[PDB]
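Taken one at a time, structure 1 and structure 2 that follow are two forms of one protein chain, written as structure tokens.
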Structure 1
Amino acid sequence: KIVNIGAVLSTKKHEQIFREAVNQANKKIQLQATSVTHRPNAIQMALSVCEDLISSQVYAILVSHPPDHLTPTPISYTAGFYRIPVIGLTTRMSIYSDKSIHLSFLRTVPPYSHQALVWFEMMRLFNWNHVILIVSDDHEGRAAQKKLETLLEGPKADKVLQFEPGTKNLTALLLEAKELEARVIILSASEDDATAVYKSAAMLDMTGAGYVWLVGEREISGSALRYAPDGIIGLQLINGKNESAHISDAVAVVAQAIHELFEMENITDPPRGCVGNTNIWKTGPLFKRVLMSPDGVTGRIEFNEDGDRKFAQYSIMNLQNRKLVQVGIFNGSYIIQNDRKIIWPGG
């Protein structure tokens, strides 16, 4: 039987790698590749998954978010009607960890919320037992709050202050950080949100000596880096935005998992098109259970209970003289510092 594996990738250069990865993966079943680019209008993307992917009887769809405005939701929802497993490769927003909405989603990347797992260790590495946690009243920010809170719970150290996304003037919040005797500050915002905090903090003298700014990847990215304060510590997912390596790895994953699934018995054929197939792929949930349950280009490939990637390292970054330096690397459990010395805000 021909088992086709679908993909929604960035451009033709990447769909090339995917069909080449399927090619170098066929070494009873033959695997064939069916791939498309994203459609900038997401309704038509939902119909393109029906007419170009599920119309080919797909066993799993992989989806790359390109370097904004294109989300995997149109593919997750459509394929999520049946439960054809969808393997994201790039997007890290924690909305995709909620299994009660995204019903057959795995991703070879950790969500942004999981970066709290590093700051925990920073605290345990610097004896920071009292933090002020500044986050956007957003699903992603509170995702960071929730996981930082639970791994702190062994939340007195956690003093949270919320701001509504799109708030330009944040003098009130940071003024309250001053009233709370703020020293170490963790922030979880979007790029243009983090920018707002950054400017508000450099105008009441909240970035100088005595302050520690601990921060994830989005806050040290794009627009936010330009105005990010001198001495801030950020994060950076290794092999994160490398779409190729994730295509190659996830193709290896679905290959091994296709073998393991055909080793089982009573595996039905996926639906052939959307119009007419109102019923669910019977052997879908089992196949994803196989996918969630090796070694690869990006690292130790393994998923947690939601299908999110486990065992991922972060480039630990410090902004020295308005330039990002790697002061260390997060093993995946322990956190290791390299030769370079760390500089705090002020010095």
Structure 2
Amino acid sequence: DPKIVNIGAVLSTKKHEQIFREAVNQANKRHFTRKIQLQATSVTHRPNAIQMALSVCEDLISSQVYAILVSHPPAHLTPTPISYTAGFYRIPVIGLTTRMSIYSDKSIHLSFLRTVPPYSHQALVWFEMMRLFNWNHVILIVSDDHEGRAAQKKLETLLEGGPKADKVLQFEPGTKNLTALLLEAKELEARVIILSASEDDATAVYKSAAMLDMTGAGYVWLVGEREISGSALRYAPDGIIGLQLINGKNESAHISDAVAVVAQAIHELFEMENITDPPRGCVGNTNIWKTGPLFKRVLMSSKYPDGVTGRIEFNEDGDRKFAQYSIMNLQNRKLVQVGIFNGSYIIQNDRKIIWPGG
């Protein structure tokens, strides 16, 4: 009989729980499991944060989970309570579909990896596009929140580490009518505009930019995913270019890849000596899982090349590397894929890009 090693998961539906079970079952078939054998333990999201935190203790940590997969529910319910409660013990949490950049902050989320990249990493794709289409002068407009500043920081790092940002403009989140801000951008000579903003904030920008005739010929608009989503898409100027993370919302796909990565890391962990078990339950336990930090390092440096969502590696923030994006272009008010970022390379397809105006 082998040593049973529980893996935890907080997932959207029972359908996804079963997918998690089968994924762990396959890992056990795939691996040599005479010594070590994985067991799946899962719940679905609780209706509020406090209940969710308690469930992590009662349902997962009570089973001595070595790690916890977490999906982003699609219905105000974040992985945060799970990151917190697990982080208390240094039990690693693997985010499946959460994109917000704040989860890359080690101070707040001190044992958190994810198989999808934060929105801010869309700057990586923008940069390659600026090289490709030789946009050597760009204007960067970002919302003055964590996400907006995260994108600015990431792009500026790439630019300071060729093309240059002629100016950066920040606006207050929730500001309808941004004429003042956009007038400042209009003056400048550069006419390639990059935007990071929430759905509603992007809508405001788009509308104001239209009244200022900055969405016509001569201009280029390069944005991310939130900015061509929902209501933002409703008022987006034709010719705009945006992004869509391939498989970004496929919880099933990420469960597969995450389980594979965790299984591989666990078998690698037990090659080392002096591996201690995670605490059984929360009650009466206030010490960290001593082996937690080691297991985090092992996960961080895990490589899974043949993943459903592509090549799986993590950067120094535990964020997904080699993510794949659909390069979208709004033509005749229809989102059209004009290429993909395959993780390291831009690949233009045979569909021709139509810029703002032309």
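What we label the rigid core is the largest C-alpha set whose atoms superpose within 1.5 Å from one form to the other. Just so we're on the same page, residue numbers count up from 1 along structure 1's sequence.
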What Cα shift, in Å, does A182 show between the two structures once the core is superposed?
-> 4.5
Check the Cα of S333 between the two structures on a core superposition and give its shift in Å.
-> 2.2
Cα displacement of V109 between the two structures, core-superposed (Å) | 0.7
